[PDB]
Amino acid sequence: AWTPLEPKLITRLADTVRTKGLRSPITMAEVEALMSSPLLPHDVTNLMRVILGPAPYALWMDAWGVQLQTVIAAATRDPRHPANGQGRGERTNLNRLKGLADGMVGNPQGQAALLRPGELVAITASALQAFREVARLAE
Amino acid sequence: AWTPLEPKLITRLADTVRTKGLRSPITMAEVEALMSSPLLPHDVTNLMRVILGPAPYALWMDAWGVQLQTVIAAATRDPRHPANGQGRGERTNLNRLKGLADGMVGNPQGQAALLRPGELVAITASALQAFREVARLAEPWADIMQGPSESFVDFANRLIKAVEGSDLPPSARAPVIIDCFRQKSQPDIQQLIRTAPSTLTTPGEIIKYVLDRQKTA
Amino acid sequence: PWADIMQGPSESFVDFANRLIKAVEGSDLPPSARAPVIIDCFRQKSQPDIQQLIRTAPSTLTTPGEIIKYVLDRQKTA
Amino acid sequence: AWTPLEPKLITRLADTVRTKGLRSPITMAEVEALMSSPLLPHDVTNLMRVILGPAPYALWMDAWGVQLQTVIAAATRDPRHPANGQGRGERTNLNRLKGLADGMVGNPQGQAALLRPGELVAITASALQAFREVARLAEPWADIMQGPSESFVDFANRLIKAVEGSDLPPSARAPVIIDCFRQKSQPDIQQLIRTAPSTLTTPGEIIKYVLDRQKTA
Amino acid sequence: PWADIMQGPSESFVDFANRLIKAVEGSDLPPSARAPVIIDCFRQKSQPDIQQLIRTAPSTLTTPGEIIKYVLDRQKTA
Amino acid sequence: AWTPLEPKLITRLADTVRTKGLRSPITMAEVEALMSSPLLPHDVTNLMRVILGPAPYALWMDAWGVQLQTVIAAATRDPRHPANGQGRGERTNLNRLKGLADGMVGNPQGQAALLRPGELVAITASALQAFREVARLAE
Amino acid sequence: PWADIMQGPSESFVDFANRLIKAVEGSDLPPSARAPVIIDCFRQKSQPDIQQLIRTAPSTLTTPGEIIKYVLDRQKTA
Amino acid sequence: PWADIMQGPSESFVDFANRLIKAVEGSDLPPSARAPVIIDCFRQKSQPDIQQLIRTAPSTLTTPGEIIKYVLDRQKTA
């Protein structure tokens with residue numbers, strides 16, 4: 001069952017990003033805090049939509065896609081990925097990682113249903129690395 | 001059994017709407033948050049009464065009625081609506097959707113008793129769409145120019161804000177943002193983007209390139 | 001007093017509408033007489049530019065929300 | 001049996017391209033006309049040699065090769081191509097499409113002998129798309145303003161021309177034209193469109209309304 | 001003669017409309033041709049301020065009474 | 001079998017419209033000339049795309065749609081329309097008149113296959129009336 | 001003579017490319033030596049603004065058509 | 001000391017590059033840290049004309065030799 005993040009925490013994090021900036025160690029610590037439980041693509045996408053401005057959000061979408069592509073290359077380079085399965089029918093496509101696959105587009109409940117925990121942690125680590133890249137790039 | 005929403009959350013949401021406005025993405029996220037569980041007409045009505053001013057509340061009542069009427073037209077166009085039933089005796093009238101039917105007027109307990117979960121989710125989605133309409137209505141991208149003294153990140157922020165908070169379809173924002181970066185953004189940056197040895201096909205990539213090769217001054 | 005409310009020369013229209021709806025709903029009128037009074041106060045107050053904007057409405061506006069939407073659409077940006 | 005195109009039609013088309021340019025809708029219509037029957041690689045090659053200058057001809061050769069390569073990739077991605085056959089011995093190589101295969105180099109009769117009708121129509125569609133690309137490349141909407149002394153029909157003509165002859169998708173031209181009518185078109189017409197008692201949802205309707213209620217001067 | 005009627009530089013609009021409607025209805029035109037003629041005479045006579053006022057009508061005026069009402073509403077008080 | 005109109009005649013008509021205008025009696029006579037044989041929606045659409053500028057073309061699309069809608073109202077008001085049939089399965093929808101129906105979008109050959117001669121003459125008369133309206137409106 | 005062709009200070013690039021390709025293809029060179037000569041003449045003629053524009057090409061341009069397309073995209077509008 | 005090397009107002013760029021590469025390679029840095037340091041010293045030293053010339057590089061320069069070639073191509077002849 002999907003539970004959304006508190007809008008109070010999200011508002012506090014957005015104001016933190018607004019006053020301290022993207023690169024302060026306190027901001028990265030707060031992001032790591034709100035990045036503790038494995039989030040669904042819907043959660044991370046809406047979180048970055050709210051806390052980041054338009055141009056940093058575009059940059060972050062780009063960087064997140066690139067990092068997820070690196071993850072999928074490593075996944076096709078190793079059939080023992082915690083997102084993959086043993087047979088070929090469990091291979092994870094980027095539509096399933098970005099939340100674009102069938103039964104997931106716009107629906108967080110179905111998303112949480114079909115996604116694997118390894119998928120969730122890989123998406124989360126990818127999003128964190130992308131946030132770091134964009135923060136280092138913006139300023 | 002009906003449980004009311006916390007007045008603390010409602011007060012925080014009202015102050016959010018008061019400071020950030022109706023159209024900010026944080027405000028829409030907060031509304032989506034408080035719009036998570038299917039609400040009864042009483043809940044949504046009181047919520048909009050508290051968070052919205054008088055005139056936005058009138059506009060929202062209008063828009064909610066229109067959206068509910070579209071829903072009821074789709075319902076009479078398909079007898080398999082999750083609010084409808086199979087026989088004709090379960091057809092859902094607008095008095096039952098707006099909470100005006102018998103046994104519901106002013107009583108949230110009876111409301112929660114007689115209403116269907118499909119009814120609740122349809123009412124909730126209708127109210128969310130009406131809120132979006134009123135927010136877009138209560139408060140121009142093609143008139144945005146980069147000032148002679150303005151930096152590029154401020155211009156990009158302003159332009160992306162005005163383009164995403166406009167009436168364009170979602171699939172037409174990126175090309176418009178790119179073509180506005182190319183034609184606005186005074187001729188130094190125009191020539192900087194023009195003479196790009198690589199092809200830039202995303203606003204983020206254009207922003208990164210310009211920030212790298214910009215004339216430090 | 002609702003019948004003394006005018007839209008100031010420099011005031012925006014949403015502020016005037018907020019003030020007027022507040023004073024009309026927080027008054028001694030019956031509940032069934034607030035909407036017609038709000039409409040007829042939008043038409044006679046709300047300084048003559050918006051008065052003419054509401055007068056020359058190709059559609060018939062029969063609700064304060066519809067009048068507010070129409071005026072916000074076609075208002076003179078300034 | 002191969003029949004050449006009339007040099008009279010080719011001369012008329014060449015003069016059309018010379019006076020109107022590569023991108024005019026009349027020129028594209030004339031090209032579509034002379035692109036009606038499926039042409040052999042010899043025909044299209046000589047046609048583009050005659051109607052196009054040297055540099056546009058080089059560009060067109062490049063673009064035609066790229067489009068034919070995309071076609072051959074789709075062909076190896078589907079063994080049911082009207083140019084392909086069922087067995088592997090009918091697979092169509094680019095030497096057969098560009099007319100470079102054995103028994104075809106320089107000979108249009110042998111070309112017409114060995115080529116398939118699906119091959120011909122694929123070559124023809126590829127050449128048409130390549131011509132469109134080169135025409136769009138050989139010769140900005142968001143920078144168009146209505147001059148202080150310019151009439152409104154001239155401004156509308158210029159704007160619609162620049163918007164339709166641009167890189168936008170076909171489904172994004174009407175909203176862009178409308179929103180450019182509203183934000184460009186100096187503030188007298190801006191206020192004239194703003195105070196429209198009816199909702200104008202088409203460039204033609206906006207043009208008609210403005211032409212009716214415009215300030216005669 | 002109806003086709004020689006012009007709105008004087010100092011004349012009000014209701015006097016001009018009265019004179020024009022009088023001369024058009026008391027003439028040799030068929031009954032089914034009076035309203036279009038009165039409208040098209042309002043549009044081409046009625047000195048260029050009112051001409052532009054009628055031209056820039058967001059609504060379509062299809063009756064002499066409607067044109068008279070619109071002009072009386074939005075006329076330049078002087 | 002579909003045969004296109006000569007680009008030479010179309011070029012001459014376009015230059016006629018360019019020099020004489022839309023409303024001259026010679027221009028209307030030339031349009032009536034090129035409107036002699038019943039044209040398919042593809043033909044009339046491309047013809048108006050070539051001879052008319054962008055804004056007159058938008059106006060003409062609007063007017064053509066309105067006139068075709070009046071025709072379809074008269075058609076549902078009389079089951080004996082030369083475009084209609086006797087049974088209800090031959091009723092003509094606006095997607096079939098504007099060339100938007102199935103098997104017709106972008107293909108003039110299939111268009112000529114499925115269309116009726118009554119359909120063609122109704123489309124042609126509608127387009128002529130729309131051209132007259134737009135010409136009277138433009139100047 | 002192809003080796004004497006320079007892009008004038010006021011001449012556009014498409015005219016220069018047309019003139020150069022004409023003079024190179026209508027000359028005594030073998031057919032297999034025209035494209036490299038056209039490329040190397042684009043690079044050394046075509047006054048230093050376009051020279052630097054071609055020099056700083058992140059991609060490798062190996063055809064006169066590709067060079068023409070690149071230059072037409074990134075040229076200094078003036 | 002490498003971190004004290006600046007390009008003089010009148011000094012050419014090849015002399016500055018020679019001096020900087022000499023002082024960086026003949027220093028106490030590890031071998032794997034010389035190229036990034038040379039690049040970042042080209043970018044921050046090398047007086048603001050060449051600084052802006054390197055900044056506005058449509059391509060990404062990831063080697064001291066490539067930076068030197070680019071600057072020598074597009075340098076202001078004087």
# chains A, B, ... in the order shown; residues from 1 in each chain; ligands from 1
call {"tool": "select_by_dssp", "arguments": {"residues": "chain H", "states": "helix (DSSP H, G or I)", "output": "NGL selection string"}}
result
:H and (2-4 or 13-25 or 31-44 or 48-55 or 64-74)
call {"tool": "closest_atom_pairs", "arguments": {"of": "chain B", "to": "chain G", "cutoff": "10 Å", "atoms": "only C-alpha atoms", "output": "CSV"}}
result
residue,atom,partner,partner_atom,distance
B:187,CA,G:77,CA,9.5
B:190,CA,G:76,CA,9.2
B:191,CA,G:76,CA,6.4
B:192,CA,G:74,CA,9.0
B:193,CA,G:74,CA,8.1
B:194,CA,G:74,CA,4.5
B:195,CA,G:74,CA,4.3
B:196,CA,G:74,CA,6.8
B:197,CA,G:58,CA,4.6
B:198,CA,G:58,CA,6.1
B:199,CA,G:58,CA,9.7
call {"tool": "residues_around", "arguments": {"residues": "stretch 152-162 of chain D", "least_positions_apart": "3", "cutoff": "10 Å", "atoms": "only C-alpha atoms", "output": "PyMOL selection string"}}
result
(chain D and resi 24+140-147+149+165-167+173-174+176-178+180-181+184-186+189+203-204+207+210-211+214) or (chain F and resi 53-56+58+138)
call {"tool": "atom_distance", "arguments": {"atom1": "atom CA of residue A:40", "atom2": "atom CA of residue A:22"}}
result
22.3 Å
call {"tool": "atom_distance", "arguments": {"atom1": "atom CA of residue H:5", "atom2": "atom CA of residue H:46"}}
result
9.2 Å
call {"tool": "calpha_fit_and_write", "arguments": {"fixed": "chain H", "moving": "chain E", "output": "PDB file with C-alpha atoms, in the first residue's frame"}}
result
ATOM      1  CA  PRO E   1      55.549  27.418  -7.769  1.00  0.00           C
ATOM      2  CA  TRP E   2      52.809  26.363 -10.256  1.00  0.00           C
ATOM      3  CA  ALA E   3      49.949  27.988  -8.340  1.00  0.00           C
ATOM      4  CA  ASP E   4      51.589  31.424  -8.692  1.00  0.00           C
ATOM      5  CA  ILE E   5      51.868  31.387 -12.493  1.00  0.00           C
ATOM      6  CA  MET E   6      49.832  34.013 -14.367  1.00  0.00           C
ATOM      7  CA  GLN E   7      49.779  34.894 -18.049  1.00  0.00           C
ATOM      8  CA  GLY E   8      51.304  38.352 -18.319  1.00  0.00           C
ATOM      9  CA  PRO E   9      49.420  41.142 -20.083  1.00  0.00           C
ATOM     10  CA  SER E  10      51.891  41.106 -22.989  1.00  0.00           C
ATOM     11  CA  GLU E  11      52.889  37.426 -22.927  1.00  0.00           C
ATOM     12  CA  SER E  12      51.797  35.074 -25.691  1.00  0.00           C
ATOM     13  CA  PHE E  13      49.830  31.933 -24.897  1.00  0.00           C
ATOM     14  CA  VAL E  14      52.380  29.324 -25.983  1.00  0.00           C
ATOM     15  CA  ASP E  15      54.999  30.821 -23.659  1.00  0.00           C
ATOM     16  CA  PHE E  16      52.514  30.791 -20.785  1.00  0.00           C
ATOM     17  CA  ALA E  17      51.560  27.190 -21.549  1.00  0.00           C
ATOM     18  CA  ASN E  18      55.225  26.164 -21.721  1.00  0.00           C
ATOM     19  CA  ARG E  19      56.021  27.817 -18.397  1.00  0.00           C
ATOM     20  CA  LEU E  20      52.954  26.347 -16.695  1.00  0.00           C
ATOM     21  CA  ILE E  21      53.454  22.797 -17.968  1.00  0.00           C
ATOM     22  CA  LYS E  22      57.119  22.988 -16.975  1.00  0.00           C
ATOM     23  CA  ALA E  23      56.334  24.124 -13.433  1.00  0.00           C
ATOM     24  CA  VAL E  24      53.528  21.591 -13.006  1.00  0.00           C
ATOM     25  CA  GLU E  25      55.450  18.573 -14.289  1.00  0.00           C
ATOM     26  CA  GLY E  26      58.587  19.545 -12.388  1.00  0.00           C
ATOM     27  CA  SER E  27      56.784  19.666  -9.049  1.00  0.00           C
ATOM     28  CA  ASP E  28      55.700  17.421  -6.173  1.00  0.00           C
ATOM     29  CA  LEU E  29      52.297  16.459  -7.584  1.00  0.00           C
ATOM     30  CA  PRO E  30      51.451  12.825  -8.322  1.00  0.00           C
ATOM     31  CA  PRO E  31      51.593  11.885 -12.011  1.00  0.00           C
ATOM     32  CA  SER E  32      47.824  11.325 -12.134  1.00  0.00           C
ATOM     33  CA  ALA E  33      47.071  14.885 -10.958  1.00  0.00           C
ATOM     34  CA  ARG E  34      49.014  16.928 -13.510  1.00  0.00           C
ATOM     35  CA  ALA E  35      46.545  17.044 -16.408  1.00  0.00           C
ATOM     36  CA  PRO E  36      43.514  18.209 -14.352  1.00  0.00           C
ATOM     37  CA  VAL E  37      45.665  20.830 -12.637  1.00  0.00           C
ATOM     38  CA  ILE E  38      47.054  22.067 -15.958  1.00  0.00           C
ATOM     39  CA  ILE E  39      43.533  22.323 -17.379  1.00  0.00           C
ATOM     40  CA  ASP E  40      42.096  24.132 -14.362  1.00  0.00           C
ATOM     41  CA  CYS E  41      45.079  26.497 -14.409  1.00  0.00           C
ATOM     42  CA  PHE E  42      44.509  27.222 -18.094  1.00  0.00           C
ATOM     43  CA  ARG E  43      40.919  28.074 -17.200  1.00  0.00           C
ATOM     44  CA  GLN E  44      41.514  30.343 -14.186  1.00  0.00           C
ATOM     45  CA  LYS E  45      44.842  31.924 -15.142  1.00  0.00           C
ATOM     46  CA  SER E  46      45.351  33.007 -18.771  1.00  0.00           C
ATOM     47  CA  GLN E  47      43.908  36.547 -18.627  1.00  0.00           C
ATOM     48  CA  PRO E  48      40.164  37.003 -19.082  1.00  0.00           C
ATOM     49  CA  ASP E  49      40.145  37.168 -22.890  1.00  0.00           C
ATOM     50  CA  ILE E  50      41.466  33.617 -23.148  1.00  0.00           C
ATOM     51  CA  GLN E  51      39.399  32.711 -20.083  1.00  0.00           C
ATOM     52  CA  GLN E  52      36.226  33.650 -21.955  1.00  0.00           C
ATOM     53  CA  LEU E  53      37.582  32.003 -25.104  1.00  0.00           C
ATOM     54  CA  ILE E  54      37.932  28.698 -23.241  1.00  0.00           C
ATOM     55  CA  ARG E  55      34.642  29.155 -21.376  1.00  0.00           C
ATOM     56  CA  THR E  56      32.604  29.567 -24.576  1.00  0.00           C
ATOM     57  CA  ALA E  57      33.916  26.366 -26.136  1.00  0.00           C
ATOM     58  CA  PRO E  58      31.047  24.595 -27.951  1.00  0.00           C
ATOM     59  CA  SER E  59      33.006  21.361 -27.480  1.00  0.00           C
ATOM     60  CA  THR E  60      34.237  19.968 -24.173  1.00  0.00           C
ATOM     61  CA  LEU E  61      38.033  20.151 -23.914  1.00  0.00           C
ATOM     62  CA  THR E  62      39.403  17.341 -21.746  1.00  0.00           C
ATOM     63  CA  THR E  63      43.155  17.531 -22.396  1.00  0.00           C
ATOM     64  CA  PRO E  64      45.804  20.284 -22.254  1.00  0.00           C
ATOM     65  CA  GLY E  65      46.762  19.610 -25.871  1.00  0.00           C
ATOM     66  CA  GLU E  66      43.187  20.064 -27.068  1.00  0.00           C
ATOM     67  CA  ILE E  67      42.831  23.304 -25.112  1.00  0.00           C
ATOM     68  CA  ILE E  68      46.099  24.581 -26.578  1.00  0.00           C
ATOM     69  CA  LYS E  69      44.999  23.695 -30.113  1.00  0.00           C
ATOM     70  CA  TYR E  70      41.596  25.356 -29.674  1.00  0.00           C
ATOM     71  CA  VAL E  71      43.084  28.538 -28.226  1.00  0.00           C
ATOM     72  CA  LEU E  72      45.737  28.720 -30.941  1.00  0.00           C
ATOM     73  CA  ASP E  73      43.028  28.388 -33.591  1.00  0.00           C
ATOM     74  CA  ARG E  74      40.595  30.985 -32.240  1.00  0.00           C
ATOM     75  CA  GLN E  75      43.034  33.420 -30.624  1.00  0.00           C
ATOM     76  CA  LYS E  76      42.835  37.166 -31.243  1.00  0.00           C
ATOM     77  CA  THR E  77      45.670  37.891 -33.705  1.00  0.00           C
ATOM     78  CA  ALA E  78      47.554  40.871 -32.287  1.00  0.00           C
TER      79      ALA E  78
END
call {"tool": "residues_around", "arguments": {"residues": "residue F:38", "least_positions_apart": "2", "cutoff": "10 Å", "atoms": "only C-alpha atoms", "output": "compact mmCIF listing (two decimals) with N, CA, C and O atoms, in the first residue's frame"}}
result
# COMPACT_ATOMS: atom_id res chain seq x y z
N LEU F 34 -12.15 25.23 -62.38
CA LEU F 34 -11.43 24.16 -61.69
C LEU F 34 -12.30 23.42 -60.69
O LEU F 34 -11.82 22.47 -60.06
N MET F 35 -13.57 23.82 -60.53
CA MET F 35 -14.52 23.13 -59.67
C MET F 35 -15.56 22.39 -60.50
O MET F 35 -16.68 22.15 -60.03
N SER F 36 -15.21 22.03 -61.74
CA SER F 36 -16.15 21.41 -62.66
C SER F 36 -16.39 19.93 -62.36
O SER F 36 -17.54 19.53 -62.15
N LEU F 40 -12.37 15.13 -54.80
CA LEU F 40 -12.28 14.46 -53.52
C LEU F 40 -11.81 15.44 -52.46
O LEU F 40 -11.12 16.42 -52.78
N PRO F 41 -12.16 15.21 -51.19
CA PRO F 41 -11.70 16.11 -50.13
C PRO F 41 -10.22 16.42 -50.18
O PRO F 41 -9.80 17.55 -49.90
N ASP F 43 -8.39 16.67 -52.92
CA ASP F 43 -8.14 17.63 -53.99
C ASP F 43 -8.49 19.04 -53.56
O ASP F 43 -7.68 19.96 -53.71
N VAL F 44 -9.70 19.24 -53.03
CA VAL F 44 -10.13 20.58 -52.65
C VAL F 44 -9.26 21.12 -51.53
O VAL F 44 -8.90 22.30 -51.52
N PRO F 117 -20.64 9.42 -55.51
CA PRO F 117 -20.69 10.62 -56.35
C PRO F 117 -21.53 11.73 -55.74
O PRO F 117 -21.18 12.91 -55.87
N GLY F 118 -22.64 11.38 -55.08
CA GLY F 118 -23.40 12.38 -54.35
C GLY F 118 -22.59 13.01 -53.24
O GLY F 118 -22.65 14.23 -53.01
N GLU F 119 -21.80 12.20 -52.53
CA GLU F 119 -20.88 12.74 -51.54
C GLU F 119 -19.93 13.74 -52.18
O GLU F 119 -19.69 14.82 -51.63
N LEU F 120 -19.38 13.39 -53.34
CA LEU F 120 -18.41 14.26 -53.99
C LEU F 120 -19.04 15.59 -54.39
O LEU F 120 -18.46 16.66 -54.16
N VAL F 121 -20.23 15.54 -54.99
CA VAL F 121 -20.85 16.79 -55.44
C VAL F 121 -21.28 17.64 -54.25
O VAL F 121 -21.21 18.87 -54.30
N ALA F 122 -21.72 17.01 -53.15
CA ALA F 122 -22.07 17.78 -51.97
C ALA F 122 -20.85 18.46 -51.36
O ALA F 122 -20.89 19.64 -51.01
N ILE F 123 -19.74 17.71 -51.24
CA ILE F 123 -18.50 18.30 -50.76
C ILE F 123 -18.08 19.46 -51.65
O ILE F 123 -17.64 20.52 -51.16
N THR F 124 -18.20 19.29 -52.97
CA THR F 124 -17.76 20.32 -53.90
C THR F 124 -18.61 21.58 -53.77
O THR F 124 -18.08 22.70 -53.73
N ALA F 125 -19.94 21.43 -53.72
CA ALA F 125 -20.80 22.59 -53.56
C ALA F 125 -20.56 23.29 -52.23
O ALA F 125 -20.56 24.53 -52.15
call {"tool": "residues_around", "arguments": {"residues": "residue F:115", "least_positions_apart": "6", "cutoff": "10 Å", "atoms": "only C-alpha atoms", "output": "PyMOL selection string"}}
result
chain F and resi 40-41+83+92+96-97+99+104
call {"tool": "write_last_selection", "arguments": {"atoms": "N, CA, C and O atoms", "output": "PDB file, in the first residue's frame"}}
result
ATOM      1  N   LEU F  40     -12.369  15.127 -54.804  1.00  0.00           N
ATOM      2  CA  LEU F  40     -12.281  14.457 -53.521  1.00  0.00           C
ATOM      3  C   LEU F  40     -11.807  15.441 -52.463  1.00  0.00           C
ATOM      4  O   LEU F  40     -11.123  16.421 -52.780  1.00  0.00           O
ATOM      5  N   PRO F  41     -12.162  15.213 -51.195  1.00  0.00           N
ATOM      6  CA  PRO F  41     -11.700  16.114 -50.126  1.00  0.00           C
ATOM      7  C   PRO F  41     -10.216  16.416 -50.184  1.00  0.00           C
ATOM      8  O   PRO F  41      -9.799  17.548 -49.900  1.00  0.00           O
ATOM      9  N   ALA F  83     -26.029  11.507 -51.037  1.00  0.00           N
ATOM     10  CA  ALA F  83     -24.907  10.982 -50.273  1.00  0.00           C
ATOM     11  C   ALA F  83     -25.319   9.850 -49.342  1.00  0.00           C
ATOM     12  O   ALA F  83     -24.500   8.967 -49.066  1.00  0.00           O
ATOM     13  N   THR F  92     -24.113   9.164 -43.707  1.00  0.00           N
ATOM     14  CA  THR F  92     -22.806   9.749 -43.973  1.00  0.00           C
ATOM     15  C   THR F  92     -22.402  10.650 -42.817  1.00  0.00           C
ATOM     16  O   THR F  92     -23.083  11.636 -42.523  1.00  0.00           O
ATOM     17  N   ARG F  96     -16.508  11.119 -42.900  1.00  0.00           N
ATOM     18  CA  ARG F  96     -16.469  10.658 -44.282  1.00  0.00           C
ATOM     19  C   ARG F  96     -16.506  11.818 -45.265  1.00  0.00           C
ATOM     20  O   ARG F  96     -15.969  11.702 -46.371  1.00  0.00           O
ATOM     21  N   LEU F  97     -17.120  12.937 -44.883  1.00  0.00           N
ATOM     22  CA  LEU F  97     -17.177  14.093 -45.772  1.00  0.00           C
ATOM     23  C   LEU F  97     -15.855  14.852 -45.775  1.00  0.00           C
ATOM     24  O   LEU F  97     -15.324  15.184 -46.840  1.00  0.00           O
ATOM     25  N   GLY F  99     -13.075  13.683 -45.186  1.00  0.00           N
ATOM     26  CA  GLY F  99     -11.983  12.774 -45.473  1.00  0.00           C
ATOM     27  C   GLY F  99     -11.280  12.231 -44.253  1.00  0.00           C
ATOM     28  O   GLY F  99     -10.147  11.753 -44.365  1.00  0.00           O
ATOM     29  N   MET F 104      -9.308   6.555 -45.260  1.00  0.00           N
ATOM     30  CA  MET F 104      -9.263   7.735 -46.106  1.00  0.00           C
ATOM     31  C   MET F 104      -8.213   8.755 -45.696  1.00  0.00           C
ATOM     32  O   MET F 104      -7.819   9.570 -46.533  1.00  0.00           O
TER      33      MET F 104
END
call {"tool": "atom_distance", "arguments": {"atom1": "atom CA of residue F:134", "atom2": "atom CA of residue F:66"}}
result
12.1 Å
call {"tool": "residues_around", "arguments": {"residues": "residue F:60", "least_positions_apart": "2", "cutoff": "10 Å", "atoms": "only C-alpha atoms", "output": "list in words"}}
result
residues 204 of chain D; 45, 48, 49, 52, 54, 55, 56, 57, 58, 62, 63, 64, 65, 66, 127, 128, 129, 130, 131, 132, 133, 134 and 135 of chain F
